[PDB]
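K.L.:
Input structure: run39.txt, which contains compact mmCIF, C-alpha atoms and all ligand atoms.
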# COMPACT_ATOMS: atom_id res chain seq x y z
CA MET G 1 18.77 97.61 -102.71
CA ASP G 2 18.23 98.85 -106.28
CA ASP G 3 21.61 99.13 -108.01
CA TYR G 4 23.89 96.85 -106.01
CA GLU G 5 21.41 93.97 -106.09
CA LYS G 6 22.02 90.90 -103.92
CA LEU G 7 22.03 88.30 -106.70
CA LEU G 8 23.20 85.03 -105.15
CA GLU G 9 22.73 83.16 -108.46
CA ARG G 10 20.66 80.54 -106.62
CA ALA G 11 18.86 78.50 -109.30
CA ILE G 12 18.56 81.60 -111.48
CA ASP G 13 20.57 80.18 -114.39
CA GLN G 14 21.82 76.58 -114.81
CA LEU G 15 21.11 75.48 -111.24
CA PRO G 16 17.86 73.43 -111.42
CA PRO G 17 14.83 74.59 -109.34
CA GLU G 18 16.12 72.30 -106.58
CA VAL G 19 16.65 75.17 -104.15
CA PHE G 20 13.46 77.00 -103.20
CA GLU G 21 13.59 80.79 -103.52
CA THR G 22 12.20 83.84 -105.32
CA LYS G 23 13.80 84.77 -108.64
CA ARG G 24 14.04 88.57 -108.74
CA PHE G 25 14.94 89.46 -112.33
CA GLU G 26 15.41 93.25 -112.12
CA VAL G 27 18.49 95.35 -113.01
CA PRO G 28 18.88 99.03 -114.10
CA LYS G 29 19.53 99.95 -117.75
CA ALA G 30 17.30 97.93 -120.06
CA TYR G 31 16.83 99.57 -123.44
CA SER G 32 18.25 99.19 -126.94
CA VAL G 33 19.81 101.83 -129.20
CA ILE G 34 18.36 103.59 -132.24
CA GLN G 35 20.81 103.39 -135.13
CA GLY G 36 19.27 104.64 -138.35
CA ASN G 37 16.65 101.90 -138.54
CA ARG G 38 17.97 99.07 -136.37
CA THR G 39 18.17 98.12 -132.70
CA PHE G 40 21.61 97.26 -131.31
CA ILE G 41 20.63 95.03 -128.40
CA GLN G 42 23.56 94.44 -126.03
CA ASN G 43 21.82 92.88 -123.03
CA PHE G 44 19.45 90.60 -124.97
CA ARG G 45 19.57 88.40 -121.88
CA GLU G 46 18.54 91.00 -119.31
CA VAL G 47 16.59 93.19 -121.71
CA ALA G 48 14.68 90.14 -122.90
CA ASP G 49 13.78 88.85 -119.44
CA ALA G 50 12.30 92.12 -118.12
CA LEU G 51 10.68 92.95 -121.49
CA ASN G 52 9.32 89.40 -121.48
CA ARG G 53 10.28 86.57 -119.11
CA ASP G 54 9.63 84.10 -121.92
CA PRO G 55 12.20 84.38 -124.76
CA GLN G 56 9.82 82.77 -127.25
CA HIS G 57 7.34 85.61 -126.83
CA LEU G 58 9.80 88.50 -126.78
CA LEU G 59 11.30 87.10 -129.96
CA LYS G 60 7.93 86.66 -131.66
CA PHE G 61 7.30 90.32 -130.84
CA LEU G 62 10.50 91.73 -132.41
CA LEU G 63 9.65 89.96 -135.67
CA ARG G 64 5.97 90.91 -135.43
CA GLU G 65 6.98 94.58 -135.58
CA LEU G 66 10.23 94.15 -137.54
CA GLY G 67 9.32 95.24 -141.06
CA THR G 68 12.91 94.63 -142.18
CA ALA G 69 14.94 91.42 -142.67
CA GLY G 70 15.22 90.83 -138.93
CA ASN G 71 18.35 89.03 -137.75
CA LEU G 72 21.22 89.16 -135.26
CA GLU G 73 23.87 91.64 -136.42
CA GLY G 74 27.34 92.11 -134.96
CA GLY G 75 28.15 89.94 -131.95
CA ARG G 76 25.36 90.79 -129.52
CA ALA G 77 21.87 91.12 -131.03
CA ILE G 78 21.45 94.01 -133.45
CA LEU G 79 18.04 93.34 -135.02
CA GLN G 80 16.44 95.39 -137.79
CA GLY G 81 12.82 96.53 -137.94
CA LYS G 82 10.67 98.58 -135.56
CA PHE G 83 11.99 97.33 -132.18
CA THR G 84 13.84 100.60 -131.64
CA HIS G 85 13.75 100.35 -127.84
CA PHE G 86 10.04 101.06 -128.14
CA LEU G 87 8.12 98.03 -126.91
CA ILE G 88 11.25 96.78 -125.15
CA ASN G 89 11.78 99.74 -122.80
CA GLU G 90 8.02 100.11 -122.25
CA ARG G 91 7.47 96.55 -121.04
CA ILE G 92 10.72 96.36 -119.06
CA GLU G 93 10.24 99.75 -117.39
CA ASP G 94 6.78 98.45 -116.50
CA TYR G 95 8.21 95.61 -114.40
CA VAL G 96 11.68 96.83 -113.35
CA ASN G 97 10.18 100.20 -112.42
CA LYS G 98 6.71 98.98 -111.42
CA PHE G 99 7.06 100.72 -108.06
CA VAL G 100 7.20 104.34 -109.23
CA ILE G 101 4.91 103.64 -112.19
CA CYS G 102 2.36 101.33 -110.53
CA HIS G 103 2.48 103.52 -107.39
CA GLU G 104 3.77 100.83 -105.02
CA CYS G 105 1.09 98.20 -105.59
CA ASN G 106 1.63 96.70 -102.13
CA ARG G 107 -1.74 96.07 -100.43
CA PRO G 108 -4.19 97.85 -102.84
CA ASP G 109 -7.67 98.07 -101.30
CA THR G 110 -9.12 96.93 -104.63
CA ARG G 111 -9.62 93.78 -106.70
CA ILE G 112 -6.24 92.90 -108.22
CA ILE G 113 -5.51 89.89 -110.41
CA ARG G 114 -2.25 88.57 -111.86
CA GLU G 115 -1.91 85.87 -114.52
CA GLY G 116 1.08 84.45 -116.39
CA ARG G 117 3.46 84.32 -113.43
CA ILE G 118 3.97 88.03 -112.80
CA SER G 119 3.40 88.93 -116.45
CA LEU G 120 -0.14 90.35 -116.65
CA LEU G 121 -2.66 91.93 -114.25
CA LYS G 122 -5.28 94.64 -113.66
CA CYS G 123 -4.93 97.90 -111.71
CA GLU G 124 -8.10 99.88 -112.42
CA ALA G 125 -7.57 101.35 -108.94
CA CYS G 126 -4.00 102.68 -109.00
CA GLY G 127 -4.33 103.56 -112.67
CA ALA G 128 -4.77 100.84 -115.28
CA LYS G 129 -3.28 97.41 -116.01
CA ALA G 130 -3.69 94.79 -118.76
CA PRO G 131 -5.31 91.55 -117.44
CA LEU G 132 -5.40 89.36 -120.57
CA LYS G 133 -8.66 89.26 -122.52
CA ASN G 134 -11.50 91.76 -122.93
CA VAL G 135 -14.91 90.51 -121.79
ZN ZN G 201 -1.13 98.48 -109.37
Show the structure stored in the file as structure tokens.

P.N.:
Amino acid sequence: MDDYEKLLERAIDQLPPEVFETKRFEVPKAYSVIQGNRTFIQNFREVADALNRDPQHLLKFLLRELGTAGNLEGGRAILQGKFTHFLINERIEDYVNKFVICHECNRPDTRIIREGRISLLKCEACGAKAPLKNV
């Protein structure tokens, strides 16, 4: 149930949200490669989703840390800056591997909150989680 996922491709790509279902975007291996001073992204599609469901954000982040030119090299997505599988792997591993890291946040007997469509939340109980703003 982890590796050999049961992806039916039901409205998880071009198929409009006509069919009701839960979109489980999680697949092993989701990190870039450190090459001198550039990141050779190969799964920009999968790596991007997990690292950030929204492509607009993920992209704004690579440039925000990319101190170099910043562009797509090769044929996949070899950017250049500071996105050396740093923030990428961290965020992705947070969601894809939220079970072993979040300690199976099933029915926590605490006050949990999630905002941004499974993007942000708090887990002061089973560790710590980022809600959104600091009041
Ligand atoms: Zn938790």

K.L.:
Counting all atoms listed in the file, which residues in stretch 8-32 of chain G sit no more than 12 Å from stretch 48-59 of chain G? For each one, give the nearest pair of atoms and the distance in Å, sorted by chain then residue number, as a tab-separated table.

P.N.:
residue	atom	partner	partner_atom	distance
G:12	CA	G:49	CA	11.8
G:23	CA	G:53	CA	11.2
G:24	CA	G:50	CA	10.2
G:25	CA	G:50	CA	6.9
G:26	CA	G:50	CA	6.9
G:27	CA	G:50	CA	8.7
G:28	CA	G:50	CA	10.4
G:29	CA	G:50	CA	10.7
G:30	CA	G:50	CA	7.9
G:31	CA	G:51	CA	9.2
G:32	CA	G:48	CA	10.5

K.L.:
Using all atoms listed in the file, which residues of the polymer chains come no farther than 8 Å from ligand ZN 201 (chain G)? I'd like the answer as number ranges by chain.

P.N.:
G: 102-106, 108, 112, 122-129

K.L.:
Show me as a ChimeraX atom specification the residues that reach within 12 Å of (9.1, 96.8, -143.3), counting all atoms listed in the file and using the file's own coordinates.

P.N.:
/G:37-38,63-70,80-83

K.L.:
Any idea what's packed within 12 Å of residue G:8, counting only C-alpha atoms, ignoring anything in its chain fewer than 2 positions away? Could you give it as an MDAnalysis selection string?

P.N.:
chainID G and resid 4:6 10:13 15 19 21:25

K.L.:
Those same residues - C-alpha atoms - I'd like them written as an mmCIF file, in the frame of the given file.

P.N.:
data_model
loop_
_atom_site.group_PDB
_atom_site.id
_atom_site.type_symbol
_atom_site.label_atom_id
_atom_site.label_comp_id
_atom_site.auth_asym_id
_atom_site.auth_seq_id
_atom_site.Cartn_x
_atom_site.Cartn_y
_atom_site.Cartn_z
ATOM 1 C CA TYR G 4 23.890 96.850 -106.010
ATOM 2 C CA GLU G 5 21.410 93.970 -106.090
ATOM 3 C CA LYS G 6 22.020 90.900 -103.920
ATOM 4 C CA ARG G 10 20.660 80.540 -106.620
ATOM 5 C CA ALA G 11 18.860 78.500 -109.300
ATOM 6 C CA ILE G 12 18.560 81.600 -111.480
ATOM 7 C CA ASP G 13 20.570 80.180 -114.390
ATOM 8 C CA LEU G 15 21.110 75.480 -111.240
ATOM 9 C CA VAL G 19 16.650 75.170 -104.150
ATOM 10 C CA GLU G 21 13.590 80.790 -103.520
ATOM 11 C CA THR G 22 12.200 83.840 -105.320
ATOM 12 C CA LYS G 23 13.800 84.770 -108.640
ATOM 13 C CA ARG G 24 14.040 88.570 -108.740
ATOM 14 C CA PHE G 25 14.940 89.460 -112.330
#

K.L.:
What does the structure give for the distance between atom CA of residue G:89 and atom CA of residue G:47, in Å to one decimal?

P.N.:
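Rounded to one decimal, the two atoms are 8.2 Å apart.
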
K.L.:
Taking into account all atoms listed in the file, which residue in the set G:39, G:100, G:60, G:46 is nearest to residue G:84?

P.N.:
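For residue G:84, the nearest of the candidates is G:39.
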
K.L.:
G:76, G:132, G:95, G:1: which is nearest residue G:45, counting only C-alpha atoms?

P.N.:
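Ranking G:76, G:132, G:95, G:1 by distance to residue G:45, first place goes to G:76.
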
K.L.:
Between G:41, G:114, G:98, G:133, which has the minimum distance to residue G:73 (counting all atoms listed in the file)?

P.N.:
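For residue G:73, the nearest of the candidates is G:41.
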
K.L.:
Please measure the separation of atom CA of residue G:20 and atom CA of residue G:91, giving the value in Å to one decimal.

P.N.:
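Answer for the atom CA of residue G:20 to atom CA of residue G:91 separation: 27.1 Å.
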
K.L.:
Show me, as a VMD selection string, the residues that have an atom within 7 Å of residue G:40 when counting all atoms listed in the file, minus same-chain residues fewer than 4 positions from it.

P.N.:
chain G and resid 32 to 33 77 to 79

K.L.:
Quick one: distance from atom CA of residue G:118 to atom CA of residue G:93 in Å, one decimal?

P.N.:
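A separation of 14.1 Å between them.
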
K.L.:
With 4 Å on each side, where is the centre of the axis-aligned box around all listed atoms of stretch 24-38 of chain G, and how long are its edges in Å to one decimal, as JSON?

P.N.:
{"center_x": 17.4, "center_y": 96.6, "center_z": -123.6, "size_x": 14.8, "size_y": 24.1, "size_z": 37.8}
